[PDB]
Amino acid sequence: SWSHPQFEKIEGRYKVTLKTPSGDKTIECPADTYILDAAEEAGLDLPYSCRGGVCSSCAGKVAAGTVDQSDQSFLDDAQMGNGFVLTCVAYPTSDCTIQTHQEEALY
Ligand code: FES
Ligand SMILES: [Cl-]
Ligand code: NA
């Protein structure tokens with residue numbers, strides 16, 4: 001192996017502000033890391049079920065910034081156009097603010 005952590009995990013991280021029901025919590029999220037994975041590693045308890053982009057459990061809404069959720073399946077094109085994000089399969093592509101716990105907002 002290597003005598004250092006992976007550069008991709010130490011450097012170049014995006015700021016992700018999770019606007020949760022219990023307040024805003026800003027974490028660093030590597031570009032190669034799904035938002036849910038960074039949040040759960042940081043000790044947050046965000047909702048999820050399938051971890052595969054096929055449900056609404058981990059849904060959030062992008063309040064600021066952009067994501068890459070090319071692996072997602074469940075959201076329709078309009079929902080994604082309107083800012084919904086499946087946090088379990090979404091990489092940040094900018095500093096961003098994601099309101100969590102938005103499953104119920106989906107129609
Ligand atoms: S937990 Fe099912 S889509 Fe994210
Ligand atoms: Cl949950
Ligand atoms: Na990587």
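Whatever order the structure lists ligands and atoms in, that order sets their numbers, starting from 1. These numbers come from the heavy atoms of this one structure, side chains and all, not from hydrogens, waters or symmetry mates. Nothing fancy with the numbering, it's 1 onward along the sequence.
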Next item on the list: Report the distance from atom OH of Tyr107 to atom CD of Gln79, rounding to the nearest 0.5 Å.
Entry: 12.0 Å

Notebook entry, point to check: Which value, rounded to the nearest 0.5 Å, describes the distance between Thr33 atom OG1 and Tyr14 atom OH?
Noted result: 11.5 Å

Where's the contact between [X] and ligand 1, heavy-atom distance under 4.0 Å: side chain, backbone, both or neither?
{"X": "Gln72", "result": "neither"}
{"X": "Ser49", "result": "backbone"}
{"X": "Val54", "result": "backbone"}

Please list, in number order, the atoms of ligand 1 under 4.0 Å from a heavy atom of [X].
{"X": "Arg51", "value": "1 (S), 2 (Fe)"}
{"X": "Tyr48", "value": "1 (S)"}
{"X": "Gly53", "value": "3 (S)"}
{"X": "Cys58", "value": "1 (S), 3 (S), 4 (Fe)"}
{"X": "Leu86", "value": "3 (S)"}

Checklist line | Same cluster (ILVMFWY, side-chain, under 4.5 Å), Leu106 and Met80 | finding: yes

Next item on the list: Determine, stepwise, if the pair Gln6 / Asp32 fulfils side chain to side chain contact (heavy atoms under 4.5 Å, CB included).
Entry: CA-CA 11 Å; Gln6 297 303 304; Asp32 67 6; over 6 Å; no

Checklist line | Apex atom 2 (Fe) of ligand 1; atoms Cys55 SG and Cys50 SG; angle rounded to 10 degrees | finding: 110°

Next item on the list: Tell me, with the steps shown, if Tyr34 and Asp71 meet side chain to side chain contact (heavy atoms under 4.5 Å, CB included).
Entry: CA-CA 11 Å; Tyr34 295 142; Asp71 301 314; 2.7 Å; yes

Notebook entry, point to check: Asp32: which N/O/S atom is nearest the Na ion (ligand 3)?
Noted result: OD2

Notebook entry, point to check: Is a side-chain donor or acceptor of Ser94 paired with a backbone partner of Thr66 at a separation under 3.5 angstrom?
Noted result: yes

Note to self: Would the distance check show the side chain of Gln102 and the main-chain N or O of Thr100 forming a donor-acceptor pair, the cut-off being under 3.5 Å?
What the structure shows: yes

Item checked: N/O/S from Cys88 sitting under 2.8 Å away from atom 2 (Fe) of ligand 1 -> no

Next item on the list: State whether the number of non-hydrogen atoms from other residues, nucleotides or ligands found under 6.0 Å of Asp77 atom CG is greater than 12.
Entry: no

